[PDB]
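Given as structure tokens, the chain that follows is alone and in the form deposited without the ligand.
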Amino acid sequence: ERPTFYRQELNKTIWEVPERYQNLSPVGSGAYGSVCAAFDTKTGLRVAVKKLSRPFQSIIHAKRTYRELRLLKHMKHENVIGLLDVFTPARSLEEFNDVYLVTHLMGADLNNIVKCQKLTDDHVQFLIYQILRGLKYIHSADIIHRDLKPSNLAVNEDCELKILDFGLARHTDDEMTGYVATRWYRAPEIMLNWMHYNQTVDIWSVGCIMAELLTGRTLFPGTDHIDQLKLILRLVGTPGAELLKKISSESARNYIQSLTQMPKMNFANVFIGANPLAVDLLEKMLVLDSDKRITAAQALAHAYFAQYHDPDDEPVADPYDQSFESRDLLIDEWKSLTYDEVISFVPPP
């Protein structure tokens, strides 16, 4: 049955939410939504509430709304953000116009950790183990993150980690331009649109994150796309014939061949003092040819994680139907599908 809703304005935005959510306080805003911290009096949890901005104003926006709702309703894993609640003030499809998503409040991220704390080898093990455990689950459903970086990893006081996506706007060209953390974690094949990419892009990003936890410094802090490519190839070596053939962009292929050939560096001399097992795992993640990178499931069994690995407690996902991705539909059609998913939501136990 329908809860009672109350109204308030916070930063020239109307919020209409069930009474159970108290003490709304703005924590972020962007082209695709606005977020408030709140207290859920029904569960006793600190929560985040996201109000989608203009969810049905174009086909593009309407498909994106449906996409996020489908993804959050599916994800049920300890190291991955889940959906606590979803609501609308609308009493019918006819008046349906706003969509609110509720999750655990994710109050500290990994950027805060690396910036403000001393991490031991054991901390690195636990944190990277959790990211790989979550990635095994997400990848098992053929979901690719594509934007893993420290700011998308939430870490509580007990060092327990969840993967999310805080982005409240679009990755435009301008956004990826210059000396920016928005690009430092991206696999080269997407940075430079070399070929059709796949889930292995996320493993490149984990390699970058793990190196920064070990040294305290960004692995590839490029001043632009080309400077960053040079930093990468200096470390892992210029590509060979086999990889070159796989770069389907004739243009990208011709540029990379203009560069003086360089060998792969000695990672023990780059990561001075690091656990040899950590050096070995980084060599297996930071491979230019995405075909040859270690997978998340493979990495969980690597000797580096012997202290944490439990093959009976690394679950996979239920089948995830994303046939909708291929479908062209009108706005009112995407809006109706979204409504059906709002109406059918069942809270976690």
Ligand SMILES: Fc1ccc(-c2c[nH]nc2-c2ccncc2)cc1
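Heads up: residue numbers just count along the shown sequence, starting at 1. Basically, rigid core = biggest C-alpha set you can superpose within 1.5 Å across the two forms.
What comes next is about the form deposited with the ligand bound, which is not displayed.
Placed here by superposing the C-alphas around the site, the ligand (as posed in the deposited bound form) has at least 3 atoms within 2.4 Å of backbone or C-beta atoms: blocked pocket. Here the marked residues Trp194, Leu229 and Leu243 all reach the ligand in the deposited bound form, each with a heavy atom within 4.5 angstroms.
For the ligand in the deposited bound form, the listed stretch (212-220, 120-128, 267-275, 231-239) containing residues with heavy atoms inside 4.5 Å is 231-239.
Checked against the ligand in the deposited bound form, the residues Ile256, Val114, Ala90, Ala141 give one hit for a heavy atom within 4.5 Å, which is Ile256. For the residues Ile203, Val99, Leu161, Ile247, the 4.5 Å heavy atom test against the ligand in the deposited bound form is passed only by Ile247. In the deposited bound form, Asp289 approaches the ligand with a heavy atom inside 4.5 Å.
Though the partner is left out of this view, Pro188 does reach within 4.5 Å of the ligand in the deposited bound form, counting heavy atoms only. Relative to the superposed core, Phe305 undergoes a Cα shift smaller than 2 Å between this form and the one not shown. Taking 2 Å as the criterion, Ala31 counts as shifted between this form and the one not shown: its C-alpha moves by at least this amount when the rigid core is aligned.
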